[PDB]
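S.K.: Below you will find the structure I want to go over with you.
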Amino acid sequence: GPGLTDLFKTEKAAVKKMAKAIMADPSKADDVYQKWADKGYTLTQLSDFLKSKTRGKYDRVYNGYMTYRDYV
């Protein structure tokens, strides 16, 4: 982003955009879940993107996402 902690603008800064977007709205989540498998975004890297922690911010988002491991 435009910060020092997340000074990136690549994937890890890209995924946070959708993370916080799913954080609130779980309807649009389906597309992004597919988009993640679409590029082969693996959960272990997902934890790098959503590395930062905030209550209700990242938890909802990746805890729901990790369920894809039992699907594909």
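Residue numbering restarts at 1 in every chain; chains get A, B, ... in the order shown in the structure tokens, and ligands count up from 1 in that same order.
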Could you name the residues that touch residue A:10 at 12 Å or less, counting only C-alpha atoms, but leaving out those on the same chain fewer than 6 positions away, as an MDAnalysis selection string?
M.R.: chainID A and resid 1 16:17 49
S.K.: Could you dump the residues just selected with N, CA, C and O atoms as a PDB file, in the first residue's frame?
M.R.:
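Below is the file out34.pdb, written as the result:
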ATOM      1  N   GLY A   1       0.833  -1.178   0.000  1.00  0.00           N
ATOM      2  CA  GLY A   1       0.000   0.000   0.000  1.00  0.00           C
ATOM      3  C   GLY A   1       0.867   1.226   0.000  1.00  0.00           C
ATOM      4  O   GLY A   1       1.988   1.170  -0.505  1.00  0.00           O
ATOM      5  N   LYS A  16      -4.837  -8.093  -0.166  1.00  0.00           N
ATOM      6  CA  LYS A  16      -5.406  -7.348   0.973  1.00  0.00           C
ATOM      7  C   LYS A  16      -6.612  -6.512   0.547  1.00  0.00           C
ATOM      8  O   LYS A  16      -7.518  -6.246   1.351  1.00  0.00           O
ATOM      9  N   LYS A  17      -6.625  -6.117  -0.725  1.00  0.00           N
ATOM     10  CA  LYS A  17      -7.707  -5.327  -1.273  1.00  0.00           C
ATOM     11  C   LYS A  17      -8.978  -6.136  -1.275  1.00  0.00           C
ATOM     12  O   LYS A  17     -10.048  -5.632  -0.884  1.00  0.00           O
ATOM     13  N   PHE A  49       0.079 -12.661   2.791  1.00  0.00           N
ATOM     14  CA  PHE A  49      -0.692 -11.528   2.330  1.00  0.00           C
ATOM     15  C   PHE A  49      -1.512 -10.971   3.496  1.00  0.00           C
ATOM     16  O   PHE A  49      -1.500  -9.775   3.772  1.00  0.00           O
TER      17      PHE A  49
END
S.K.: Check chain A with DSSP on the backbone and list each residue it calls helix (DSSP H, G or I), as number ranges by chain.
M.R.: A: 11-24, 29-39, 43-49, 59-70
S.K.: So that I can see what lies close to residue A:45, please list as a ChimeraX atom specification the residues with an atom at most 12 Å from it, counting only C-alpha atoms and leaving out residues fewer than 5 positions away in the same chain.
M.R.: /A:11-12,15,36,39-40,50-51,62,66
S.K.: Could you please take those selected residues and save C-alpha atoms as a PDB file, in the first residue's frame?
M.R.:
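Once written, selection.pdb looks like this:
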ATOM      1  CA  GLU A  11       0.197  -9.708  -4.939  1.00  0.00           C
ATOM      2  CA  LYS A  12       0.434  -9.344  -1.178  1.00  0.00           C
ATOM      3  CA  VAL A  15      -4.906  -9.696  -2.031  1.00  0.00           C
ATOM      4  CA  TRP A  36      -7.335 -17.481  -5.907  1.00  0.00           C
ATOM      5  CA  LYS A  39      -3.596 -18.256 -10.132  1.00  0.00           C
ATOM      6  CA  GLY A  40      -2.657 -21.017  -7.822  1.00  0.00           C
ATOM      7  CA  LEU A  50      -3.032 -11.544   5.342  1.00  0.00           C
ATOM      8  CA  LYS A  51      -0.040 -11.653   7.673  1.00  0.00           C
ATOM      9  CA  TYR A  62      -8.811 -16.654   5.392  1.00  0.00           C
ATOM     10  CA  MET A  66      -8.766 -22.410   3.864  1.00  0.00           C
TER      11      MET A  66
END
S.K.: Name the closest residue to residue A:35 among the candidates A:65, A:55, A:47, A:13; distances are taken between atoms, counting only C-alpha atoms.
M.R.: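 Comparing A:65, A:55, A:47, A:13 against residue A:35, the winner is A:65.
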S.K.: Given only C-alpha atoms as the basis, pick out the residue of A:43, A:23, A:37, A:32 nearest to residue A:56.
M.R.: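 The answer is A:23, which sits nearest to residue A:56.
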S.K.: Select, from A:4, A:14, A:46, A:22, the residue with the minimum atom-to-atom distance to residue A:61, counting only C-alpha atoms.
M.R.: A:22
S.K.: Please determine, counting only C-alpha atoms, which residue among A:52, A:33, A:19, A:25 has the shortest atom-to-atom distance to residue A:67.
M.R.: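 Using only C-alpha atoms, the shortest distance to residue A:67 belongs to A:33.
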S.K.: How many Å separate atom CA of residue A:53 from atom CA of residue A:38?
M.R.: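 Interatomic distance here is 25.3 Å.
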S.K.: Using only C-alpha atoms, which of A:64, A:72, A:18, A:2 sits nearest residue A:31?
M.R.: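 That would be A:18, the residue with the smallest distance to residue A:31.
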S.K.: Taking into account only C-alpha atoms, which residue in the set A:42, A:70, A:27, A:20 is nearest to residue A:54?
M.R.: A:20
